[PDB]
Amino acid sequence: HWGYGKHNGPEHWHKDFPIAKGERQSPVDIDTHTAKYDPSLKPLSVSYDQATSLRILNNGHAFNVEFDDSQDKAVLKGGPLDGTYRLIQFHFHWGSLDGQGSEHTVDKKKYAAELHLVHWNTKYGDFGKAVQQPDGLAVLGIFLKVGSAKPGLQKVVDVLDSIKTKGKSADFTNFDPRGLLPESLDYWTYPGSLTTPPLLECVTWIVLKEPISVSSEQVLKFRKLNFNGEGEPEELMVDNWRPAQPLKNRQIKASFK
Ligand SMILES: [Zn+2]
């Protein structure tokens, strides 16, 4: 099965998922001097006041914090988007060392990690139908750098001991994702894809310019997770990031001057 190793990592994915070599793959390098300021872009509307987290899951590639998406609660709108996108889950990508881990890069800079808040377009009714559409998902990407602790991340860090291995899940109610947002909602945006198989070209990417800071101790606890299941040879869950893919016929737009 696909993963992040020498024999099953990103350079292999195209064999099972030929769209890996497609025209709108993610992530990409964001060249800040080439990105065009677009005065037509609206402020991002992030409405997470009523978000209902349910559960956290180790899926063998990352951990997902899951939300109840059965009502119009936690929604993303405005920015580059038409209509309303509902939060279904967030997860991270991170490195073995602080010098790598992000999927997007900024002028080739790699951050220590990257947070993805995944939302689906309510006009397609469910997640699975939305990913079959070119405007099906909106993923809000947020860089992590190592410095000061993020107090709003600590509830996530403290539950990871209970989901060390693939297939382990835990009850994870009342988690407020507003505690993971930077001050500024200035962003870059471009059309792209999921960054894991099935690599579907269904995403409007919205990548915030301002990173959040997390402590070395917080990211070290991400790196204690395991890719393997309980009672299998230990493989630390690190370097679960896809490298930058070719930009091809795409424009990255900036919300800010
Ligand atoms: Zn992701």
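Residue numbering for chain A follows Swiss-Prot; the residues present correspond to positions 4-260, in that order.
This deposition comes from X-ray crystallography, 1.0 Å.
In case you wondered, yes, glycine gets a Cβ from its N, Cα and C as well.
Quick look at what Swiss-Prot annotates:
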SITE      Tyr7  site 'Fine-tunes the proton-transfer properties of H-64'
SITE      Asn62  site 'Fine-tunes the proton-transfer properties of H-64'
ACT_SITE  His64  active site, proton donor/acceptor
SITE      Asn67  site 'Fine-tunes the proton-transfer properties of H-64'
BINDING   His94, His96, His119  Zn(2+) binding site
MOD_RES   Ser165  phosphoserine
MOD_RES   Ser172  phosphoserine
BINDING   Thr198, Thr199  substrate binding site
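Calculated from their C-alpha atoms, the gap between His119 (Zn(2+) binding site) and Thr199 (substrate binding site) amounts to 12 Å. Counting other C-beta atoms within 10 Å of each candidate's C-beta, the recorded positions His64, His94, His96 are led by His96. Under 6 Å, Cβ to nearest atom of ligand 1: this is the test, and of the recorded positions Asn62, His119, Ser172 it is passed by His119. The Cβ of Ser165 (phosphoserine) lies under 8 Å from the Cβ of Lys171, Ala173, each of these being in the same chain and 6 or more residues away along the sequence.
Distance noted between the C-alpha atoms of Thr199 (substrate binding site) and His64 (active site, proton donor/acceptor) is 9 Å. Among the recorded positions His64, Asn67, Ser172, the ones whose Cα is located within 10 Å of the Cα of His96 (Zn(2+) binding site) are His64.
Just so you know, of the recorded positions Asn67, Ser172, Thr198, the Cβ with the fewest other Cβ atoms around it within 10 Å is the one at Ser172. Apart from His94, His96, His119, the residues listed for Zn(2+), the same chain places the Cβ atoms of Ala65, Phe93, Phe95, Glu106, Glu117, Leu118, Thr198 within 8 Å of the centroid of those Cβ atoms. In terms of Cα spacing, the recorded positions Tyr7, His94, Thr198 that come within 10 Å of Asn67 (site 'Fine-tunes the proton-transfer properties of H-64') are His94. In this structure, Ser165 (phosphoserine) is part of a helix by DSSP.
Each residue contributes its Cα atom, and for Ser172 (phosphoserine) and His64 (active site, proton donor/acceptor) those atoms are 13 Å apart. Between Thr198 (substrate binding site) and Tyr7 (site 'Fine-tunes the proton-transfer properties of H-64'), the C-alpha separation comes to 12 Å. Of the candidate recorded positions, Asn62, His64, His94, the one lying closest to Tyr7 (site 'Fine-tunes the proton-transfer properties of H-64') when CA atoms are compared is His64.
Counting every protein chain shown, 18 other Cβ atoms lie within 10 Å of the Cβ of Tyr7 (site 'Fine-tunes the proton-transfer properties of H-64').
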